[PDB]
Amino acid sequence: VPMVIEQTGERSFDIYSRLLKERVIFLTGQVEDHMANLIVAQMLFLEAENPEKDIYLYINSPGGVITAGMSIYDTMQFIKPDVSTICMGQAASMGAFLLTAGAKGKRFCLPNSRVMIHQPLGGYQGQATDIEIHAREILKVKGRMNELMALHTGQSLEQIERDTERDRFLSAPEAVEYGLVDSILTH
Amino acid sequence: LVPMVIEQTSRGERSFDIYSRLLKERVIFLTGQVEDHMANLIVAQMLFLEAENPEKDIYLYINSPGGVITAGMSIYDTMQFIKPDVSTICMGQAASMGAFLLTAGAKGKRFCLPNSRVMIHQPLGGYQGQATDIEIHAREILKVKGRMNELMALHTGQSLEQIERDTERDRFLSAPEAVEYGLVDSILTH
Amino acid sequence: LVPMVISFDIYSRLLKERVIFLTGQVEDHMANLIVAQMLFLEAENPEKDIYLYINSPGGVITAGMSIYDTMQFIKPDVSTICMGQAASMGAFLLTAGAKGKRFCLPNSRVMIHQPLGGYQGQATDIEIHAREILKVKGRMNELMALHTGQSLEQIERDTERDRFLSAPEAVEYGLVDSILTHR
Amino acid sequence: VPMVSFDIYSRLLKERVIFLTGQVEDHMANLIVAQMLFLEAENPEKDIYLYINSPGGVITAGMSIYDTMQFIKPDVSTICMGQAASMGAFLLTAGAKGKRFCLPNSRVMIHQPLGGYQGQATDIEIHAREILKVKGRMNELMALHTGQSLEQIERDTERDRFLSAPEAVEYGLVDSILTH
Amino acid sequence: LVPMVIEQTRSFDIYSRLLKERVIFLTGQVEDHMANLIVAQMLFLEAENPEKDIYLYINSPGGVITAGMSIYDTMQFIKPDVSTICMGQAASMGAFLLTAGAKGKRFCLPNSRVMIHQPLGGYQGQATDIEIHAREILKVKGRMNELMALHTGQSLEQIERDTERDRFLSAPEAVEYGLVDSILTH
Amino acid sequence: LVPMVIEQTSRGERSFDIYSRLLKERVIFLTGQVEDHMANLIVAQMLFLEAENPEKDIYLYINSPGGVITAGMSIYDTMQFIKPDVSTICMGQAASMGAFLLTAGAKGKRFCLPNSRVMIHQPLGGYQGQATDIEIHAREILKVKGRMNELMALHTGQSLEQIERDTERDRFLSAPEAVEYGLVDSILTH
Amino acid sequence: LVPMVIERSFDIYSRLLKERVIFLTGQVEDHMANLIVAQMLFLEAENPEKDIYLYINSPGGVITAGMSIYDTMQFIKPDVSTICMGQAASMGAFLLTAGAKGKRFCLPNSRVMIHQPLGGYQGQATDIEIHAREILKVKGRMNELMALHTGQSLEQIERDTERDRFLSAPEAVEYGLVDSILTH
Amino acid sequence: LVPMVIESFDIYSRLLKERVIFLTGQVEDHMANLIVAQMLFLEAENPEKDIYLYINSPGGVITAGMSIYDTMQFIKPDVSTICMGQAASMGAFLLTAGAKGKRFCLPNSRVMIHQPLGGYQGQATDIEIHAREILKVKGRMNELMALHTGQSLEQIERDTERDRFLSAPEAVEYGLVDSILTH
Amino acid sequence: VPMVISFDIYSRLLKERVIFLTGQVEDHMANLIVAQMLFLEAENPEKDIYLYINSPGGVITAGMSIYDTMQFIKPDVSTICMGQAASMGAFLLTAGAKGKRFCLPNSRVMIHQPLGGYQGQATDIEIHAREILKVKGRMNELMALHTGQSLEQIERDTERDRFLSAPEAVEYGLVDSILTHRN
Amino acid sequence: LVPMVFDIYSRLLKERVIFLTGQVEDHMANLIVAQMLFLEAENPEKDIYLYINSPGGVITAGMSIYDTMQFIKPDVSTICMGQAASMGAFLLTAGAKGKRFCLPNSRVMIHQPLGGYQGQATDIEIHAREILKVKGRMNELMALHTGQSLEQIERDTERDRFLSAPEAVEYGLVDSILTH
Amino acid sequence: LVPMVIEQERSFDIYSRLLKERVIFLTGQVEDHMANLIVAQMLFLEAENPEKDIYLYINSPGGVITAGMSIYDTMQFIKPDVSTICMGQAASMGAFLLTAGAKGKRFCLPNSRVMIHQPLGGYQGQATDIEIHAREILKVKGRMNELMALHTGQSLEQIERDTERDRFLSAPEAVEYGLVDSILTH
Amino acid sequence: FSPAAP
Amino acid sequence: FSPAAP
C-alpha cells in the first residue's frame, strides 16, 4: 500500500488512511465480521470528529454475511452524518443493500457499475425441531430485508418480494429507475 | 468371504452362501445403515418369500443404527402390503429407522433379545440455499416427522402426544422397557 | 451380496416375473441396464405387462430419457410403482407409466422440479448451453403435462421450485393412478 | 487497519471503547481482560464500552471476560452490533444494568452449552457431570442479569432461541434499542 | 485367497469345511458385518442340529459393543451349548464373548491372553443430549459388569474393581478368575 | 521487499518505497491479475492524484493478463470521471481487461512498448443451478459482452460489428498492430 | 490485533508488564514458558522486593515447560501472586497453586481441573520401560509438590488426580489450591 | 492371480493336499487364523502324518503368531518348519517352534531375532499397565525361545535386546533350526 | 487373463512346466513361484522347468527363496530373459541351469549392489550396515559362481549400475546363449 | 464386463487374434507374449494376428513382445486400429512383411525414447549412455522394418512425427490399407 | 508477541534486554538457524567484554548434532566463561551443551531434568554408501562420548554404557553424575 | 405387489 | 468522487 504526505508540519500516511482523513471509507470485497467491524469503527471515528459532515462509503463488493452487513447498516442509520454511497464495479447482495442504505439523494452508481439483488441464503443441519427454528428465523430476516429495501428504494413491498425471489441484475440506469441509487455519477 | 453350506433338498444336496441359506428358511437380515440399495434388496426378498409361501411367517432380523427415512419406508410399506406376517427381532441395536421397522412388525411377533437396545428420536435433516427453498424443505421434514409419529403411535399403542414428547430427543429403551412401551411384544429367551 | 434362490440371484428371479428395479441415482449405466431388461422382456412376451419398481432421488436427464423412450416404444404396458421415494427424473419415469397402472405405496412420496445444469466458458458457448437446457426444460414440462393431465401452465408453475407430494396428493395430481393397498 | 498516531482500534480504546469480535477464545479474551484492567487503572469511575459482534465461543474464555467485567469498578456498557449469539449474548446481558444496548437490526441468539468427550464411561460421567454444572451456573447468571426466573431461562435455552432487538429488550437481555 | 479342500461322500473353502464340523471363527475386530455373519452361522448350526455343541474360536481385540451383544444374546438363546476357545488373545468384547461360553466348555490355549475393561464411548452436542448418552453408557457398563459377574462367578464388586482400567490375564489367571474353565493341553 | 529511495526536498530528506516514490510523479502501476483489491488500490491512487492536481496528467503503466471485469470497470469509470487525462502504457502485455484499460486511456496518450503484446476476447463466465437461474446469468453475461464491445468500439474507432467479429475468439495484436487497430495511439520510441 | 496505549507507546501487554503483571495464556509450551521466565527474571531485577502477578487462563500443556516457570517462581525473591481467570487446568492449575501462600486467587466463576501426566512412547520393550518409569517419576513429583502447596496428604492428591477432577472457585479455596476468591 | 493345476485346484490348495502350509509375509490375525484352520484340518485328516510349515516372513503381531504357536504344540502331528528367504521376529519364533529334528533353513535363507515392539499413549497409570504387560510378554517369548533352542533364558535375553541376524549355518549352531536343507 | 481349453492362459502354460517371473520381486509373488516349482518337481522330478523372467528386480530375501528352491529341486530350471532382467531379476536369470540360460535378442540385463536403508540409533545402524554388507558379499560370491567371473571382477562391475546387452550377457557368462527363430 | 459368447477375447484368441490395447506395460505385455507362445504351440505354421490400438508405453515391455514376434515360426500379421504411437508404432511395423495393415482412418506416430534419472553425475552418465544405446537399437530396427535408411530414420524420429494411413504405407511402416 | 521494556530512555524486546546483561536463551529444538543466532550472540558478548561471564539458559529437547557443535566450539573458543543453566529440561544435544559449560558454573533448577543418549541417524542407498555413513555416525558417537567423559569426569567406558539407551537424570542425579556442578537454590 | 402390479 | 461525493 503506497504512502503519501500531508502538510499539516508535514507527515506520512498509507493511501487509505489518507482518504479516511477526507471522510472517505472503502467497502471492498467480501462482507464479513472483520472488514465490517473496521468499517463501523471508521464511521464512529468520523462522526466523533465532526457529527454533521457527510461521510462517503465507496462500495465494490459481491456481498457476504448478513449480520456483518447489518452492523454496518445500523451504524450508517445511527450516526448523525449523512452517509453518501458510491457503487464502483459492482454492489451485489448485501453490497447492494448497503449501497441503497445511503442517505437519500446521495447514493450514486458509476456509469458502468452494476448491482444485483436477491433473497437471503442459508443452511442448517440437525433435528427437525431445530430446522424449524432456523428456517423460521431466516424467513424473518428475509422479511426485514425486504421491508428495508422497500423503504430505501420507494418500491412497493410486494414488488421487492417479487424482484428478489431470484437473482436480478440492474445496470446503473436501471438502478436509478429502480430507486436503489439516486443518480449516475458523471464526470 | 461368506461361508458356504450344504443343503439337503429332496433333489439331492446343494450349495448356498450362508445368507441365501437362511433366506430359504424365510429369514431376512436388515443390517447396518438403512439406504436405497439394501432396502430394495430387502423388499425383493420379502416379495420372493411371499410368492413362495403367502401364509408362512417371514422373519426380519434387525441390527441397525437406522438411516434414510424414505428408504426405510419402502420396507415399511412392503411389510404391510404382503400377506405373510413379518416377525421382527432386534439383536444388538435397533435405532431410529431401525427401531421404527422393529415396531412395525406383526402385532404379537415383535421381539427384543435380552441385551439388545432400542433408541428412538425425530427425523434429522439438512438443506442449504435460498430462504424460499429452505422453507419448502423445512415444511416437508416436519410433515415427515408428523407421519412417523402417527405411525409410531399406531404400532406402539401410545398416544400421539406421548410419542411426540418421547421423541423430541434421543430416547433409549432396554429390552424390558421396549416391551412396556409397546414397541416390542416380548423378550426372546432360550 | 445378492442372495441366490432356487438357481437365480434375487433380482434375476424377479426379472423372470417381469419385474425390473430402478434403484438409487439415475445414470447412463444403471439406465442402460434397465433398457436392456425392457427390450428382453418385450421379446419374451410382447403382450405381457412389465413392472418397474422405482425408489430413486433422480439423476441424469438424458439417461432417464433413454428409459422413457424405451417405455413408450415397446408394446407391453409398463406399470410403475413408487416405493419410498420417486424424485425428479425418478418422478418423471413414475408418471410415464401406462395410464391406470401407475402406483404409489401408501407412505411413499414424490418430488418434482426443473432441470439443473451449468456451464463454464465463453459467453457465446454459455448462450448455446443455456438455450439447450431451456429447451430440455420445455420438453420435460410438456411431457409431464401430457402424462398428468395438468395444463402445461400448471406444470410450469409447480416445477419452478422443489415440490413434494404425498401418495394421495400424487393421485390427486395425476402423477399416479392409485395407492397400493394391502392384499 | 487504518491509522488516525494510532490504528483505528487503539484510537477508540483511548475513548474507553473495547471491541469483542468473532469467536470467543482464550487469546482474544485475555486481550479484552487486559484492556479492561488498563481502562480501570486509567480511570476507575468512567464507564467502559464493550462493542459486541460475535457468534460466541469457548465458555471458560468468555467467563474470564465476565468476571473481569463484574470485578472492575467502572460500569461496563454493552452494545450489540450485527449479532450476539451464545457466549456473545451472555456477555451482552452481563453489562451494567441500564447500559446494555441493541442496534435496531442486530439480533441475539441464546442456548445451552455445547460439549463432547470420548473415552472410558467413568471419564464420560465426570465430564458430563461438569458441563451440567456449567449449564446450571450459566443459567443462574442469566436469570440474575435478565430479570427472568431461572426456570424461564432453562426452558428458553434448551434449544436455539432467536430474539430481535425489541424482543431482547422485552426479555431483559438488553435495556433499550440504540437509535438515531 | 482361502484354500479349497475336498470331502468324499463336495468342494469347500477351509472355513466352510470347518463350519460343517460346527466350528465358527471370530477373528479380529468386532463390528456389525463380521458379527452378523457369526450370528448367521450360529442360527444355521442350530437349525442343522439343535442338540449338538457349537464351537466358537476367538482371536480378537474386541470392538463395537452392540455388535458383540448380538453375538452374546444369540449364544445364550440358541439351544446348542456354545463352547469357546481363546487363541492368541481375547480382549475386551473378545474376552466378554469368551467367558459367555457354556459353563465347563470355555478354554484358553496355553499362551493366549485375555484383557478386560469398561465400556468406551463418546458423544458431542448439547449438554442435555450429553447427559442422555452418558446415562446410557453407564447403564451399559452396569449390565456388562453384571453379566461378567454371572459368567465368572466373581462378585459384582470384584468385577467393578477389576474393570475400571485395562487388566490383563494370562491363561492360568483366566482359569483362576473364572473367565474360562481350563487350559487346552495337547 | 520493495526498495527504499531518498527524495531531496527543501523540507528535508524523505525516504519512500519505490512505488510511493513514483506515485509522487503521478505514475500508477497496474500489475498482474485484475481483482477487487488491487483495483481498489488503483482507484484510490487516481482519486488522490486528482485531488493533488486536477490539471496534470496521470500515468497508468499496465502489465496484466486481465482478470475480473467488474473490478476492471471500477478503474475504467474512475479514469473517465476524473479531470486529469489518464495516459496508458503497455509493458510486456495487456490482455483481456488489461487491454481494455489500455485502450481506455486518453486519446492520443495511449502507448505500447515496442515488444509488448495485446490480446482481446469476449467475457468468460460460469454458473451452476436451476435452468431459470442459468437463463438469468446467461442474459447478464451477454449484456456485459455487449457493453464491453460498445466501449471497445468507442475507444478504438472500430465499428461495433468489427469489434464483435474480432473478439469472438482470442485475438493477439503486436504493438504495430495495436496502433493500426486504434487500440493505442503510438509505440514508445527512443 | 494487539492494541497500543500511551503512557511512550506500548502494546497492551508490555503496558501491564510495567505494573509487574504477567499473562500466562493458552497452551503451556517451551516458547511461551521461556518468555514468562524472562519476564519474571526482568521484574526481579527491576525490583526484588515488589510482588509479581501471574494471570492464568490456560488448559495446561507440556510439563517440563511448565516446570521451568515453577522453578523460576520459587527461585526469585519477589512473591509471585497467581490469579485464575476463566480456567486453570492441568499444568495451568499446578502453576496456580504454586503461587505465594496467601496470594493465590480464583475469580468467582473461574474453574480448575487437575489430573495425572499424559504421555506416549513407541518402540522396544526395554525403551518402553525406561520411558514408562520416567513418566511415573514425573507423576510422583507433581503429586508431591501438589501436596506441599495445598496441604493435602499425598494420598489424597493421588486419589484426586487419577482421573480428571474439576473444582469450582469455592472448592479450590477449600482444597487449598488457592487462598481466596476475588470479590468486586 | 493364483495358477490352477489338475489332479482342479489352485496351487496352494493342491499343496495343502500334501499337508503343506505356507506362512507368507506379515503375521496378523487373519492370515494367522487361516493357518490355524489349515493345521486343524490336516490333523483331522490324519493325526499321525507330519505337517509342513513353509515360512517366508518379516514377522508381525505377537498374539496372532501365538495362535499359530499354540496350535502347533496342541495338534498330534509333528509340524516341520522350513525357512525360505527369511524368518524374522515372530517368523523366526514360529520357525524354531517346529518339531525338534524337523526344523530347516534353506542354504541362503536368513533369520533375525529381537525383542517385542510396542507402544501406548494415555495416562501414566495406563502406560504402566501396558508397559508391565509387554515386559511379561517379552519374558514369556524369551522362555519359549530358550526351550526350543536349548539356549539359556538370559542368553536369549542378551541376544535379542537388539536386532540379531543369523545366517543358515549360524541358525543351526544357535539351535534355532536343526539343519540346512541341501539339494 | 484369457481362457483356453478351460484354464487361464498362465495355468495352461504351467501345465507345460512354464513359470512366469514378472514385475516386482517380493514375498507373495516369490512364494507363489516356489509353490509352482515344488509342484512341477512332484509331477515330474526329471523334466526341465522353465522360468520366464521379465523383472526390474526387488526384495533380496524374497528372491533368495526362489534361488534356493531352484538349486534344491531335481529338475533343471531353464531361465529366459524377455524384456529385462535387472538386479535380483538378473541374479535369478544367471542362477538357471548351466547351458540352459537364455536372453532374447533385444532383452537387456542390469546388475548392481544391494540397496538398503535404516533409521535409528548408531548401534542399530551398525548392525544393519554390517548385515547388508554381508548380503553384498554373498550375492557377489554367487554371481562369481554362476558366471565364472572372479569375485574381484564381479565386485568391480557391480559397485554401480551396469547394463549388458544380450550378446554382452553371453560374453560375461551371465547367460549361455541368445534365443532366436531356430529351425 | 466382457460379454460371454467363452468371453469375447478368448473367443477371438481361438481364431489366432490377439489384442494390444492401450498403454504398453509389463503385465499386458507378458499376457501378449503368453498368447503368442500358446498359439505357436497349437499351430506353428498358421498366421497370428495382432490388433494394435495403443499410445505406446514401456520400451522393455514392448521389446518382450517384439522379440517373441521375431522368435516364433508363425508370421505375426499386424493391424492398426485407431492409433499406433511410439512403441505401438514400432510393434506395428515389426509385423511380418506384406502382412502389416492400417485401417483407413487410423494414424501412426513415431519418435525417440523418453527417459529420466536422478542422482550422482557418474550414475547419470551410466543411464544416459544406456538410453542412448536403446535409441540406437530402435533406430536400427525401424530402418530394417521400414526400408528407410538409418539416416532418414534418425532425422524423422528426433521429434514426434505423425503419419496418416496412406503416409504409413508410403513410409514402409505398413504394407497396405485395409479396404472392404 | 514479545513484550517491550525500558532501560536507562531506550526500548528493547525483553530478550534483547536480557542479552544486554549477557544472558542468552537456548530454547526448543537445536537446529542451524537458532544455533547460529546463539553463536552470533556469544561472539558479540565476547567482543563487548572478553572478561565477563556469559550465561546460557537452556530449555531444549535437543536436536541436530552439527548445529549443536557450532555452539559447543564457540563456547570453548571464547575467553569468557560460559555459565549454563538447565530450566525445564536439557535433553540430548541440550544436555551436551549444558555439561559443556564452564566447570563450577553449570546449574540445574531443582525440578529440571536431563536426558542423555547416543546419536540417531539414517541413510538410504547403496551398501557402499551405507557403510560410509554408518562409519561416520559411529565416529560422531565416539567424539560425543569422549567429550561427555571430559566434561563430567566419568570414564569413557561409563559414558558409553550409560548412553547406549535413553537415560534420564533428575537435578540431584545430574550433580552426582558430574553433568552439572550444583542445583540452584534460593 | 399383487392384487394389480403383478 | 468530486464534483458532489466529495
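Residues 16-21, 30-206, in that order, are what chain C shows, numbered as in Swiss-Prot.
Header entry for method reads X-ray crystallography, 1.9 Å.
Any Cβ shown, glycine's included, is placed from N, Cα and C.
Annotated features, as they stand in Swiss-Prot:
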type: ACT_SITE; residues: C:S111; note: active site, nucleophile
type: ACT_SITE; residues: C:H136; note: active site
type: ACT_SITE; residues: C:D185; note: active site
Rounded inter-Cα distance in Å - C:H136 (active site), C:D185 (active site): 5
Cross-chain proximity of active-site residues to B (CB under 8 Å), evaluated over C:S111, C:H136, C:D185: C:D185
Under 8 Å by Cβ from C:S111 (active site, nucleophile), counting only residues of that chain that are 6 or more apart: C:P80, C:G81, C:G82, C:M134, C:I135, C:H136
Proximity to chain M among active-site residues C:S111, C:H136, C:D185, where any Cβ pair is under 8 Å: none
Cβ-based proximity (under 8 Å) of the active-site residues C:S111, C:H136, C:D185 to chain J, or none: none
Close in space, distant in sequence - C:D185 (active site), Cβ under 8 Å, 6 or more apart: C:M134, C:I135, C:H136
For C:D185 (active site): DSSP state (helix, strand, coil): coil
Mapped DSSP class for C:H136 (active site), helix or strand or coil: coil
